[PDB]
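Each remark here refers to the structure printed beneath this line.
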Amino acid sequence: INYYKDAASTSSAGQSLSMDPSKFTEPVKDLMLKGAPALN
Amino acid sequence: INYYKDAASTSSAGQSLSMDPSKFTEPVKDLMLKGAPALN
Amino acid sequence: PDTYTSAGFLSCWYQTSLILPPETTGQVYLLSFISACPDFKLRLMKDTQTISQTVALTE
Amino acid sequence: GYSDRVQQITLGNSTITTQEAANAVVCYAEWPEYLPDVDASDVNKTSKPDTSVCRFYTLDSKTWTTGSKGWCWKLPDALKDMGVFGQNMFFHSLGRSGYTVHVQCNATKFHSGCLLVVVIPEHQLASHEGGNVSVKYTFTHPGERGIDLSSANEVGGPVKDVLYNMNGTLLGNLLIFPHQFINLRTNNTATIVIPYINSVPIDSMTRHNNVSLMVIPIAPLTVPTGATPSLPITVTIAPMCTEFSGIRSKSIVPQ
Amino acid sequence: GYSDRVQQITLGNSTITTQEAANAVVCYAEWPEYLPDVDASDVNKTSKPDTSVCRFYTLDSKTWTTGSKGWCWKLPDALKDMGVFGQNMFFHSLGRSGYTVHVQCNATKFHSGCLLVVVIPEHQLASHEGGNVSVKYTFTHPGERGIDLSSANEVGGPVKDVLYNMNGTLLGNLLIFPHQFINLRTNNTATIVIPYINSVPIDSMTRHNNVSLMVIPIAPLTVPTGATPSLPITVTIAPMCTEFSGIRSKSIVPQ
Amino acid sequence: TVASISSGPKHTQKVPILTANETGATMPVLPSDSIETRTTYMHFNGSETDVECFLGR
Amino acid sequence: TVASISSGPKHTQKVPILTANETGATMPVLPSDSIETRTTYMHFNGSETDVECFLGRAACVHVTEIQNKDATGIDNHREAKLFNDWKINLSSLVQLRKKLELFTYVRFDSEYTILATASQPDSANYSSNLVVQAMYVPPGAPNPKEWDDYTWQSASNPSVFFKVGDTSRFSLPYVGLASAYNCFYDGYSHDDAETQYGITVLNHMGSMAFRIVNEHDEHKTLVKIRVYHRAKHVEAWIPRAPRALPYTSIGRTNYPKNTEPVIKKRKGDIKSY
Amino acid sequence: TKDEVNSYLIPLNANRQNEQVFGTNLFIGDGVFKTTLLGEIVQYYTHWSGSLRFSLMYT
């Protein structure tokens, strides 16, 4: 129950439960498959 | 939920969301169209 | 007024020039107005530097 | 309540309003357009800066006095230094453009005078020396200053005789070129839209000017009694549909 | 027969071929794109010079020697003088751009050495003075020359200590930023595609640099016996999807 | 809501920027009447300028 | 969810453990690519590492102090700590600062808690009960000059009145001018040759002025204000390397000279355990 | 030097060419703008965004 009118006044947000490290761990242009050779 | 009986005791009103500047910006008797000459 | 946030300048120049008819003389004047387009947004209310006081007024 | 008389031209980030126009001329009844593929030759994709080059540049003002003979500007030369239009110009091998020309001159209902505003495609000038003396480069590339037909002959420059259009033809027949008059009693501006006119699809902007704009007093300026005897004339010009192609190092031109 | 190894990037009127690549990084897995309306604020139509600005400019070359500490360039600064990209830059109030960065360094199968090539969004430098000394403008706008981390502290300049990234963080953790290594034994180039990253939709190109490109030797250069002890490193960079807006008079910037 | 619509070159007989202020009106002129604009949205309602809000603290 | 699958002997032409780090990727290698594993489940979600959780607890961001005393003959209230302002920041006390600067741009609503306690360091008959006033002064508002100026009327500026010993709590929406607050800014406010580098309005969060509403008693009372800040509705972009050296200034990245080695030297060889 | 009806009048000179009529920066919360209704309201808020309409009436 929100007792207040504005959105800033609500409690903390709830877990992204998004999670996708590939923008950080695999930003390569041509896709690399694990097990296939790195450099062909 | 109002806890009180009288109307003065309720919280602030809620946004007019009315908004019509023409009583102030265009109080002319004969309607002016933008693009048409001001004085004919 | 703030720098990072500054908006520009407005200037006005003769394009050709003012020409008065005969029998006429001196300076002519322009009146200038300002108003906001329907575009406009204002937010985060605060107190105006345009008014202050040193003792409470009375009747 | 639309009159032929009031007009607004907005091009890019710049707008012109005239409250005393006399219609507008569109050369040869054609409006500027980009270069179609069917007409293309150079294989390079072209660059179309759009609103950064297609806006109105106002050249420095001239002063019409009772002794004026007329002035002449060449395009694209006159704009060789205006903002990004000019940079693009020196930096690409080829470019192409149409223009809107707006010539301004206001007075009062007691003045008289009438200017001819004309656009001449391929205005090849004559040497005042005669024979086969050439007209050096610098002389036909006056820049925003244009050529002042009442200035003196110079060496390597063109002839500046008005009854001959700077080329062996009579002033009276300039009316076969797209043109408009500014008659103080009627008019206060002249506007001409110039489509790109050439025998090749795109050309060099520095070795060849494709139109000369000419403003010539024909009925002498006559001011009311004890008025100052002169009026300024201002020329504002806007490239339209400009395209540049063959980018590289940046041309270096004489003088 | 496609290898991760050979590549061709054609952008505008310029092409790069590498026969010894190690894939390419696209920052944060996003490719440069223009500014969508839903994200727009300034009402001005923008200018997209396209192929005249989106081509490859090769900055002047550096020389990796056994004593090198590393070099740092800022964007769009490094390109402030390249062709029409630069003109557009000084002439509009706002501009926006992504880039393709290609760093080149070839050697032989007897050399060893490994460079880190990294792009740092918003790299705010530190003053070597400590306290709250600022880093003057000129110092953070080296232009195509970039900053040479093995040059001496200067006054009003940034600190040039490599184990600290010029900001109080350790060299070892720069790997959290989009980056690629050039290991003479593997690699001979590094290529990173940079999407536009900012907290505003478009910004000023002169008062704020939005990425520093940094090339840092990490495993020292080791040449074969009686080889010359150095290799040149070349950086070629191409603006991509560039847009300029708010054209006018042409900024004047310190120094 | 659009804050600005897209608008391009103009060469008309219809001039929205010339008016007669003597009439007492403020004609509703916009950026797109005199420069070339691109679409942009308002993203804003004018909530905090409501008179209830202005006098309500 | 499985944390590890079962995997047995391998004799392949397909080697997942050989890679080329020069590419910039961190290949997702697992225990089961190189040893024989058994199934096990995760039993865990990663709840407490969510950025909302990481930045979502109150941190002390500021300690100031004001006193209640006779202002008679004080020529400079501000200077007597008769009242005091604070331009809001999150980079003056380092604990929360290092946490935020793990990101480049951050966007969140703030919840402030303000604790005020009183001290009476010299002989008093009693402890008085003071009410503090905290005014939020946005840039452009008149700033208080005396501890009882017209400014304190605060007719348009949000202000909270609470008692010393108590706590005040309110929450302010994300007041940034851009889409996010810049944790870093490699720019200037304009192309000036001497303008300040790095410090920007892009970060500006307002400012706050404190005073005691009470007139003076016979003794003097020291009131010390502690402001706590909790981020709610957090959004963070572009991770960066953590801060290694100590901080010297609000808003610049500068570290102190002749600082000490931050990497611990081995007591022994590279070979040492 | 003292408020007068005359500071609303921008003068124009006959026969000048090329020259400049007036100049101002656009800090709507200060300077010329500050006492206008627009200026006066803007001052009740901290942030503004939007287009402005500046008109000149000739007399």
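Rule-based calculations on the coordinates, nothing more; no lab input. Because the Cβ atoms are built from the backbone with ideal geometry, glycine has one as well, and the counts that use them run over all protein chains shown.
Once the convex hull of all Cα atoms in chain C is built, its volume per residue stands at 315 Å³. Volume per residue for chain H equals 136 cubic angstrom (convex hull of Cα atoms).
Counting only residues at least eight positions apart within a chain, or on another chain, the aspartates and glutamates with an alpha carbon under 14 Å from that of E:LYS136 are E:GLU154, G:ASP186, G:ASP191, G:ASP192, G:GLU194. Could you list log10 I(q)/I(0) for chain G at q = 0.07, 0.10 Å⁻¹, which the Debye formula gives when each Cα is one point scatterer? Values, matching the q order: -0.43, -0.74.
Counting only helical runs of four or more DSSP H residues, what would the 222 nm mean residue ellipticity of chain E come to if each run contributes -39,500 (n - 2.57) and the total is spread over all its residues?
-1000 deg cm²/dmol
When a/c is below 1.5 the answer is rounded, else prolate if a/b is larger than b/c, else oblate, so apply that to chain B with a ≥ b ≥ c taken from the square roots of the Cα gyration tensor eigenvalues. The shape class here is prolate.
Once you have a ≥ b ≥ c as the square roots of the Cα gyration tensor eigenvalues for segment G:234-273, tell me rounded if a/c is under 1.5, and otherwise prolate or oblate according to whether a/b is larger than b/c. Since a/c reaches 1.5 but b/c is at least a/b, the shape of segment G:234-273 is classed as oblate. The largest-to-smallest principal axis extents of the Cα set in chain E are 62, 55, 30 Å. The DSSP beta bridges internal to the protein assembly as shown are antiparallel in roughly 95% of cases.
Sorted from shortest to longest, the distances between the D:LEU175 label points of this copy and the other copies are 8.5 nm, with each point 7 Å from Cα along the line through the beta carbon. Looking at chain D alone, DSSP beta bridges between its own residues are antiparallel in about 95 percent of cases.
Using the alpha-carbon centroid of each, what span in Å lies between segment E:8-41 and segment D:42-84? Using only Cα atoms, the two centres lie 36 Å from each other.
Distance check, please: which entries in E:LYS62/E:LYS109; C:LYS46/G:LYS220; E:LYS69/G:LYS264 exceed 29 angstrom between their Cα atoms? From the list (E:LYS62/E:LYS109; C:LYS46/G:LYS220; E:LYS69/G:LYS264), the Cα-Cα distance tops 29 Å for C:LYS46/G:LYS220. Stokes-Einstein diffusion for segment D:183-255, with the hydrodynamic radius set to the Kirkwood value over Cα pairs and evaluated at 4 °C in a medium of 1.567 mPa s, equals 77 µm²/s.
From its DSSP helices (H runs of at least four residues, each -39,500 (n - 2.57)), chain A gives a residue-normalised ellipticity at 222 nm of -1500 deg cm²/dmol. Between D:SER112 and G:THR26, the simple spin-label model (points 7 angstrom out along Cα→Cβ) gives 9.0 nm. Between copies, D:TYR164 shows label-point distances of 7.9 nm, shortest first, with the point placed 7 angstrom from Cα along Cα to C-beta.
The distance linking chain C with segment E:147-190 is 50 Å (Cα centroid to Cα centroid, whole angstrom). Shape verdict for chain F, please, from the Cα gyration tensor: rounded (a/c under 1.5), prolate (a/b greater than b/c) or oblate. Oblate shape, in that a/c is at least 1.5 and b/c is the bigger or equal ratio.
Taking the Cα centre of the protein assembly as shown as origin and charging only Cβ (+1 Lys, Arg; -1 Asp, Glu), how large is the dipole, in debye to the nearest 20? Could the numbers behind the result be given before it?
Values: 83 positive and 91 negative charges, 455 e Å.
I would put it at about 2180 debye.
Note on D:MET205, A:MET19: ascending count of other Cβ atoms within 10 Å places them as A:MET19, D:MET205, the fewest first. Computed over the alpha carbons of segment G:69-182, Rg followed by Dmax gives 17.3, 54 Å. Helix-only arithmetic for chain G: the sum of -39500 (n - 2.57) across DSSP H runs with n ≥ 4, divided by the residue total, places the mean residue ellipticity at 222 nm at -1000 deg cm²/dmol. The rotation axis taking chain E to chain D passes closest to this chain E residue's Cβ, listed with the gap in Å: E:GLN87, 2.
Please report the net charge: other residues with Cβ closer than 10 Å to the Cβ of B:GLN15, K and R +1, D and E -1. Spelling it out: positives minus negatives among the neighbours equals -3.
What translational diffusion coefficient, in µm²/s and rounded to a whole number, does the Stokes-Einstein relation yield for segment D:83-232 at 25 °C and a viscosity of 0.890 mPa s, taking the hydrodynamic radius as the Kirkwood radius over Cα pairs?
On the way: Rh = 17.4 Å.
Taking Rh from Cα pairs, D becomes 141 µm²/s.
Across the cross-link table entries D:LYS45/E:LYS48; B:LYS34/F:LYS10; G:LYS87/G:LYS163, which are compared at the Cα atoms, the separations over 18 Å belong to G:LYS87/G:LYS163. The alpha carbon centroids of segment H:9-24 and segment G:195-266 are separated by 51 Å. Computing Rg and the Kirkwood Rh from the Cα coordinates of segment G:165-218 gives a ratio, Rg/Rh, of 1.20.
Starting from the label point of B:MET19 at 7 Å along Cα→Cβ, the same points in the other copies fall at 4.3 nm, in ascending order.
Highest GNM mean-square fluctuation among D:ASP148, D:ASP77, D:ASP39, for chain D modelled with Cα contacts below 10 Å: D:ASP39.
The alpha-carbon of A:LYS5 sits under 18 angstrom from the alpha-carbons of these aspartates and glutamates, leaving out residues fewer than 8 places away in its chain: F:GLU48, F:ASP50, F:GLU52, G:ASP109, G:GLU111. Which of these, G:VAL234, G:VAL29, G:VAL175, has the largest mean-square fluctuation under a Gaussian network model of chain G (Cα springs below 10 Å)? Maximum fluctuation in the GNM of chain G, among the listed residues, is at G:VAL29. Rounded to the nearest 0.05, the FRET efficiency derived from the C-beta distance between A:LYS23 and B:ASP30 at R0 = 56 Å is 0.35.
D:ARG5 to A:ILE1: FRET efficiency via 1/(1 + (r/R0)^6), r the Cβ-Cβ distance, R0 60 Å, to the nearest 0.05? Could the numbers behind the result be given before it?
Working: r = 67 Å, r/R0 = 1.12.
That gives a FRET efficiency of 0.35.
Sorting A:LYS34, G:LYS99, E:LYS109, G:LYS87 from the fewest to the most surrounding beta carbons within 10 angstrom yields E:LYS109, G:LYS87, A:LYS34, G:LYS99. Here the spin labels are modelled as points 7 Å beyond Cα on the Cα-Cβ line, and at G:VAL262 and C:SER6 they lie 3.6 nm apart. With neighbour counts taken as other beta-carbon atoms within 10 Å, the residues E:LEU125, A:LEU31 rank, fewest first, as A:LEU31, E:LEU125. Over all pairs of different C-alpha atoms in the protein assembly as shown, the reciprocal of the mean inverse distance, the Kirkwood hydrodynamic radius, equals 34.2 Å.
Label zone (G:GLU146, point 7 Å along Cα-to-C-beta; backbone nitrogen cut-off 15 Å) within segment G:62-89: G:69-80, G:82-83.
Residues considered: D:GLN180, D:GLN124, D:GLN19. Largest GNM mean-square fluctuation over chain D, using C-alpha springs under 10 Å, is found at D:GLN19. Within a straight-line Cα-Cα reach of under 28 Å, H:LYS2 can be paired with the following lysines, leaving aside sequence neighbours fewer than 8 residues apart in one chain: G:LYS145, H:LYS34.
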